[PDB]
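As you go down the protein sequences, you meet chains A and B in turn. So the first sequence is numbered by our numbering: it starts at 15 and just counts up by one. So the second sequence is numbered by our numbering: it starts at 1269 and just counts up by one. Where a beta carbon is used, it is the ideal one built from N, C-alpha and C, also for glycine.
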Amino acid sequence: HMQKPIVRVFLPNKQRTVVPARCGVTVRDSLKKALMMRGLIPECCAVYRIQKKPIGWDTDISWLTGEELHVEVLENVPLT
Amino acid sequence: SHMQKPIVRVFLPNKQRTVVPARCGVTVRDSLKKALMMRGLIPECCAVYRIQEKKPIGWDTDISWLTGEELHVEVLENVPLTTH
């Protein structure tokens, strides 16, 4: 809304959160706490918008005000 | 087939494709670096998925775990970074 710009975020395991769509704040930093609370970290997850479209973790979240993001855990395959 | 020559099939943006060697110890990023560059892409501007149906994998994944699989590379949504 005009007063309170937010982004709705759907999380693993049927969970969800709302974060403020603050200018200059990455998606990564916007969601760090919500992820931590659930034992997740951005580096082990992918984020996407709707309208199944992947977005970078370093995106400025204010560009996505009004949108829904989805966070999925990355496939469990060993790193090099 | 793969016994002698383990490979991963990779689908790329704009209906393109490539095959890469699935060699132990090599990242997805590095396996695909050259194919992406030929198309003016960079892994950091893209996402990669395995077919299982599209499940996101990390760029630093060891590609040898994916022998026989099909990967898909998509360009990230065009949304400014905070540094822009």
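Relative to the alpha-carbon of residue 89(A), which residue among 1333(B), 1348(B), 1343(B), 1349(B) has its alpha-carbon at the smallest distance?
Translated into the one-based positions of the first sequence, residue 89(A) becomes position 75. Comparing Cα-Cα distances from residue 89(A) to each of 1333(B), 1348(B), 1343(B), 1349(B), the minimum goes to 1333(B).
Mind checking the stretch 1325-1339 of chain B against chain A and listing, in chain order, the residues whose C-beta falls within less than 8 Å of any C-beta there?
Against chain A - using a Cβ distance shorter than 8 Å - the residues of the stretch 1325-1339 of chain B are 1325, 1326, 1328, 1329, 1330, 1333, 1334.
Given that a residue counts as buried once 16 or more other Cβ atoms are within 10 Å of its Cβ, and exposed if not, what is residue 1351(B)?
Within the second sequence, the letter at position 83 stands for residue 1351(B). Exposed, because fewer than 16 other Cβ atoms sit within 10 Å of the Cβ of residue 1351(B).
Assuming residue 1316(B) and residue 1296(B) are in contact, meaning their beta carbons sit under 8 Å apart, how far apart are those beta carbons, in whole angstroms?
Translated into the one-based positions of the second sequence, residue 1316(B) becomes position 48. Translated into the one-based positions of the second sequence, residue 1296(B) becomes position 28. Indeed, because the Cβ distance is near 6 Å, the residues count as touching under 8 Å.
C-beta neighbour in chain B for residue 48(A), strict 8 Å:
Numbered from its first residue, the first sequence carries residue 48(A) at position 34. Interface annotation, residue 48(A): not in contact with chain B, CB-CB separation never under 8 Å.
Identify the contact partners of residue 1323(B) in chain A, using a Cβ-Cβ distance below 7 Å as the criterion.
As a position in the second sequence, residue 1323(B) is number 55, starting the count at 1. Those are 89, listed as they occur along chain A.
CB-CB length for residue 75(A) against residue 35(A), believed under 8 Å:
Residue 75(A) sits at position 61 when you count from the first residue of the first sequence. Residue 35(A) sits at position 21 when you count from the first residue of the first sequence. Taking 8 Å as the upper bound for CB-CB distance, residue 75(A) and residue 35(A) are in contact here, some 5 Å apart.
What does the alpha-carbon distance come out to for the pair residue 1335(B) and residue 1274(B)?
Along the second sequence, read from residue 1 onward, the residue named residue 1335(B) stands at position 67. Along the second sequence, read from residue 1 onward, the residue named residue 1274(B) stands at position 6. Residue 1335(B) and residue 1274(B): Cα-Cα distance of roughly 6 Å.
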